Amino acid sequence: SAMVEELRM
Amino acid sequence: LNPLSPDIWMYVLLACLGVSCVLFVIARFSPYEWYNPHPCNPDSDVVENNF
């Protein structure tokens, strides 16, 4: 969740 | 620009590009750079970017 949240933005 | 030999000039340009890019990479992994603009109102968790 952390990587996705800070990656897609 | 004669003093520094043409080697170091291009080395420095490439180093600047690489350092900026790795800074950008570490910015995403950073925990606290996400700084919810205008935290005067904590109403919404608008987690937004910098760097």
# chains A, B, ... in the order shown; residues from 1 in each chain; ligands from 1
>>> closest_atom_pairs(of="chain B", to="chain A", cutoff="12 Å", atoms="only C-alpha atoms", output="Markdown table")
| residue | atom | partner | partner_atom | distance |
| --- | --- | --- | --- | --- |
| B:24 | CA | A:7 | CA | 11.7 |
| B:25 | CA | A:7 | CA | 10.1 |
| B:26 | CA | A:6 | CA | 11.0 |
| B:27 | CA | A:6 | CA | 9.3 |
| B:28 | CA | A:6 | CA | 5.8 |
| B:29 | CA | A:6 | CA | 7.3 |
| B:30 | CA | A:6 | CA | 8.9 |
| B:31 | CA | A:6 | CA | 9.4 |
| B:32 | CA | A:6 | CA | 11.2 |
| B:33 | CA | A:6 | CA | 10.4 |
| B:34 | CA | A:6 | CA | 8.8 |
| B:46 | CA | A:9 | CA | 11.8 |
| B:47 | CA | A:5 | CA | 9.4 |
| B:48 | CA | A:9 | CA | 8.0 |
| B:49 | CA | A:9 | CA | 7.8 |
| B:50 | CA | A:9 | CA | 10.7 |
>>> write_last_selection(atoms="N, CA, C and O atoms", output="compact mmCIF listing (two decimals), in the first residue's frame")
# COMPACT_ATOMS: atom_id res chain seq x y z
N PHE B 24 15.25 12.42 -6.64
CA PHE B 24 13.84 12.20 -6.97
C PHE B 24 13.39 10.81 -6.56
O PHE B 24 12.28 10.63 -6.05
N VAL B 25 14.23 9.80 -6.80
CA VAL B 25 13.87 8.43 -6.44
C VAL B 25 13.67 8.30 -4.94
O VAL B 25 12.68 7.73 -4.47
N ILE B 26 14.61 8.83 -4.15
CA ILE B 26 14.50 8.74 -2.70
C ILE B 26 13.35 9.60 -2.17
O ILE B 26 12.85 9.34 -1.07
N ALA B 27 12.92 10.60 -2.93
CA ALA B 27 11.80 11.43 -2.49
C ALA B 27 10.53 10.60 -2.34
O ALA B 27 9.77 10.77 -1.38
N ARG B 28 10.28 9.69 -3.29
CA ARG B 28 9.10 8.84 -3.21
C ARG B 28 9.15 7.93 -1.99
O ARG B 28 8.16 7.77 -1.27
N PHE B 29 10.32 7.33 -1.73
CA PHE B 29 10.45 6.42 -0.60
C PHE B 29 10.42 7.18 0.73
O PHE B 29 10.25 6.57 1.79
N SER B 30 10.57 8.49 0.68
CA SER B 30 10.67 9.27 1.91
C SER B 30 9.37 9.20 2.70
O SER B 30 8.28 9.22 2.11
N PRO B 31 9.44 9.10 4.03
CA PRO B 31 8.20 9.00 4.81
C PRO B 31 7.44 10.31 4.96
O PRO B 31 6.21 10.33 4.83
N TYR B 32 8.14 11.41 5.24
CA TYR B 32 7.49 12.62 5.73
C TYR B 32 7.37 13.74 4.71
O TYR B 32 6.77 14.77 5.02
N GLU B 33 7.92 13.58 3.50
CA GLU B 33 7.83 14.66 2.52
C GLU B 33 6.38 14.92 2.13
O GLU B 33 6.02 16.04 1.75
N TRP B 34 5.54 13.90 2.23
CA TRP B 34 4.10 14.04 2.05
C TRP B 34 3.58 14.96 3.15
O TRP B 34 3.54 14.55 4.31
N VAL B 46 -5.44 15.00 2.67
CA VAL B 46 -5.00 15.27 1.29
C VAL B 46 -3.48 15.14 1.29
O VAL B 46 -2.72 16.10 1.44
N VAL B 47 -3.02 13.90 1.12
CA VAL B 47 -1.59 13.60 1.12
C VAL B 47 -1.06 13.93 -0.27
O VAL B 47 -1.37 13.27 -1.26
N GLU B 48 -0.26 14.99 -0.35
CA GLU B 48 0.23 15.50 -1.62
C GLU B 48 1.75 15.68 -1.57
O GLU B 48 2.38 15.56 -0.52
N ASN B 49 2.31 15.99 -2.73
CA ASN B 49 3.72 15.77 -3.01
C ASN B 49 4.56 17.03 -2.89
O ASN B 49 4.06 18.16 -2.85
N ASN B 50 5.87 16.81 -2.82
CA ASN B 50 6.88 17.81 -3.10
C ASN B 50 8.09 17.07 -3.65
O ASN B 50 8.09 15.83 -3.74
>>> atom_distance(atom1="CA of residue 14 (chain B)", atom2="CA of residue 1 (chain B)")
17.1 Å
>>> atom_distance(atom1="CA of residue 37 (chain B)", atom2="CA of residue 20 (chain B)")
23.6 Å
>>> select_by_dssp(residues="chain B", states="helix (DSSP H, G or I)", output="ChimeraX atom specification")
/B:6-29
>>> write_last_selection(atoms="N, CA and C atoms", output="mmCIF file, in the first residue's frame")
data_model
loop_
_atom_site.group_PDB
_atom_site.id
_atom_site.type_symbol
_atom_site.label_atom_id
_atom_site.label_comp_id
_atom_site.auth_asym_id
_atom_site.auth_seq_id
_atom_site.Cartn_x
_atom_site.Cartn_y
_atom_site.Cartn_z
ATOM 1 N N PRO B 6 38.194 19.103 -20.425
ATOM 2 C CA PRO B 6 36.829 18.800 -20.884
ATOM 3 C C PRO B 6 36.239 17.520 -20.310
ATOM 4 N N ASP B 7 37.088 16.665 -19.741
ATOM 5 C CA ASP B 7 36.600 15.451 -19.098
ATOM 6 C C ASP B 7 35.702 15.782 -17.909
ATOM 7 N N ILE B 8 36.197 16.626 -17.000
ATOM 8 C CA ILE B 8 35.473 16.893 -15.762
ATOM 9 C C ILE B 8 34.180 17.635 -16.040
ATOM 10 N N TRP B 9 34.130 18.450 -17.095
ATOM 11 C CA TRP B 9 32.901 19.181 -17.385
ATOM 12 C C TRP B 9 31.748 18.220 -17.643
ATOM 13 N N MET B 10 31.962 17.253 -18.534
ATOM 14 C CA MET B 10 30.915 16.285 -18.831
ATOM 15 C C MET B 10 30.671 15.352 -17.655
ATOM 16 N N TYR B 11 31.732 14.993 -16.922
ATOM 17 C CA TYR B 11 31.545 14.230 -15.693
ATOM 18 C C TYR B 11 30.607 14.956 -14.737
ATOM 19 N N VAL B 12 30.777 16.272 -14.602
ATOM 20 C CA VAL B 12 29.971 17.059 -13.679
ATOM 21 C C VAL B 12 28.529 17.176 -14.157
ATOM 22 N N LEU B 13 28.308 17.411 -15.451
ATOM 23 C CA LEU B 13 26.939 17.419 -15.961
ATOM 24 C C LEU B 13 26.237 16.088 -15.691
ATOM 25 N N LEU B 14 26.903 14.977 -16.014
ATOM 26 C CA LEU B 14 26.288 13.677 -15.771
ATOM 27 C C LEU B 14 26.065 13.438 -14.284
ATOM 28 N N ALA B 15 27.004 13.871 -13.441
ATOM 29 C CA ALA B 15 26.851 13.704 -12.003
ATOM 30 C C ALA B 15 25.666 14.501 -11.485
ATOM 31 N N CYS B 16 25.486 15.720 -11.988
ATOM 32 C CA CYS B 16 24.335 16.521 -11.589
ATOM 33 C C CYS B 16 23.029 15.848 -11.985
ATOM 34 N N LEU B 17 22.951 15.332 -13.217
ATOM 35 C CA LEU B 17 21.738 14.631 -13.636
ATOM 36 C C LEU B 17 21.479 13.413 -12.756
ATOM 37 N N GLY B 18 22.521 12.622 -12.496
ATOM 38 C CA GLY B 18 22.353 11.432 -11.680
ATOM 39 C C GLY B 18 21.946 11.745 -10.251
ATOM 40 N N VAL B 19 22.554 12.774 -9.658
ATOM 41 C CA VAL B 19 22.240 13.144 -8.283
ATOM 42 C C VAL B 19 20.810 13.656 -8.181
ATOM 43 N N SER B 20 20.397 14.496 -9.133
ATOM 44 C CA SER B 20 19.013 14.954 -9.139
ATOM 45 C C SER B 20 18.046 13.783 -9.292
ATOM 46 N N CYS B 21 18.364 12.841 -10.182
ATOM 47 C CA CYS B 21 17.468 11.709 -10.399
ATOM 48 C C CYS B 21 17.373 10.824 -9.161
ATOM 49 N N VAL B 22 18.503 10.540 -8.511
ATOM 50 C CA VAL B 22 18.445 9.685 -7.331
ATOM 51 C C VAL B 22 17.759 10.412 -6.183
ATOM 52 N N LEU B 23 17.917 11.735 -6.096
ATOM 53 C CA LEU B 23 17.149 12.497 -5.121
ATOM 54 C C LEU B 23 15.654 12.343 -5.374
ATOM 55 N N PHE B 24 15.246 12.420 -6.639
ATOM 56 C CA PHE B 24 13.839 12.202 -6.970
ATOM 57 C C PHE B 24 13.385 10.806 -6.563
ATOM 58 N N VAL B 25 14.230 9.800 -6.801
ATOM 59 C CA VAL B 25 13.873 8.428 -6.443
ATOM 60 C C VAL B 25 13.672 8.301 -4.936
ATOM 61 N N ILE B 26 14.611 8.831 -4.151
ATOM 62 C CA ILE B 26 14.497 8.737 -2.699
ATOM 63 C C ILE B 26 13.354 9.595 -2.171
ATOM 64 N N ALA B 27 12.921 10.601 -2.931
ATOM 65 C CA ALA B 27 11.799 11.425 -2.490
ATOM 66 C C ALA B 27 10.528 10.596 -2.344
ATOM 67 N N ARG B 28 10.276 9.691 -3.293
ATOM 68 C CA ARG B 28 9.096 8.837 -3.208
ATOM 69 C C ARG B 28 9.155 7.930 -1.985
ATOM 70 N N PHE B 29 10.316 7.328 -1.733
ATOM 71 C CA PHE B 29 10.451 6.420 -0.596
ATOM 72 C C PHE B 29 10.416 7.175 0.729
#
